[PDB]
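Included below are structure tokens for two forms of one protein chain, each presented in isolation as structure 1 and structure 2.
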Structure 1
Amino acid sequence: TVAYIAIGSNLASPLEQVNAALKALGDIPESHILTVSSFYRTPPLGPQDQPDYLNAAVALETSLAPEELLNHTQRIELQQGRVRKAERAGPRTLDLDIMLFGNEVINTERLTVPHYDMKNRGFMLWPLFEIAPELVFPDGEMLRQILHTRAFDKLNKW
């Protein structure tokens, strides 16, 4: 299955954090990376009172079940110092969010797929479009269409 994972970091050298995360993602059992987006420098959502993010996206081919992939992404976060979860955000070393998992629609205590807010976030959609320009969402909407019918502005490269 192809999982699309959003990567963000705005603490402790985001470029090192993202490169470390890429290496770790490739080492997840029963998985290998297919594609990696460019790296983008984005202002934080909300409280402007924190550093800029590095944002990226990757496509991961995996035979793991969705929650198994989640367990691994959460362990990579922890190994890279990310401890606060489901709280108001302050600067974080790493955030790995599962944007899409195949064409699956998941609404559990642990996992909401497609990511609940991705269609509102250029920092998720533009890196995804760079690696998957022909992508269609589970509800039949095309990614290209979402990005143009609502005039999302372009991002700056890191």
Structure 2
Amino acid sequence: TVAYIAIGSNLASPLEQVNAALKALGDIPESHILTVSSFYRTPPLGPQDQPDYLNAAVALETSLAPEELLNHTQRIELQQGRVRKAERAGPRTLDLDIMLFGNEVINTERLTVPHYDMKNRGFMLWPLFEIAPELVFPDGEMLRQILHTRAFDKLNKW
């Protein structure tokens, strides 16, 4: 099944953390990376000029169950994302979100697929459109149409 995973980093040098994250994603059992988007840049809010966020999208072919994939993305977030050495308040610096899993709609306490706010997040949809321009959501909405009809922040490449 093809799963689409969003990666975000605001950590240290986001290139290195994101690449470790990609390596870990490929190392998930019964799973392989099909393609990876370009890296995109999201400024922080406010003048503080804290680290920018690096955003990407990955297409992952997997024969895992959705909740099993979630175990792995959660694990990688702990192992690669700091959070032992600095958690709440940080926040955690590496985010791996399962955006879509096949044409599946999953509504469970642990896992909601499609990711609940993804259609309003340009830093999720634009990298997704780069690797899946013909994507259609389980409810039938076309990714190309959402990008024509919803307002998003400008999103430059990294």
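Residue positions are counted from 1 along structure 1's sequence. Each form is matched to the other, and the largest set of C-alpha atoms that superpose within 1.5 Å is called the rigid core.
Trainee: Tell me which of the two structures is the form deposited with ligand HHR bound, please.
Mentor: That would be structure 1.
Trainee: Fix the rigid core, compare C-alpha positions between the two structures, and report which of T35, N120, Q50, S38 shifts by 2 Å or more.
Mentor: Correct option: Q50.
Trainee: For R75, decide whether the Cα shift between the two structures is 2 Å or greater, given a superposition on the rigid core.
Mentor: After core superposition, the displacement of the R75 C-alpha between the two structures stays below 2 Å, so no.
Trainee: Tell me whether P91 is among the residues that move between the two structures (Cα shift of 2 angstroms or more, core superposed).
Mentor: It does shift by 2 Å or more.
Trainee: State the core-superposed CA shift for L15 between the two structures, in Å to one decimal.
Mentor: For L15, the alpha-carbon shift amounts to 1.0 Å.
Trainee: What is the Cα shift of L25 between the two structures once the core is superposed, in angstrom?
Mentor: In the core superposition between the two structures, the C-alpha of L25 moves 0.3 Å.
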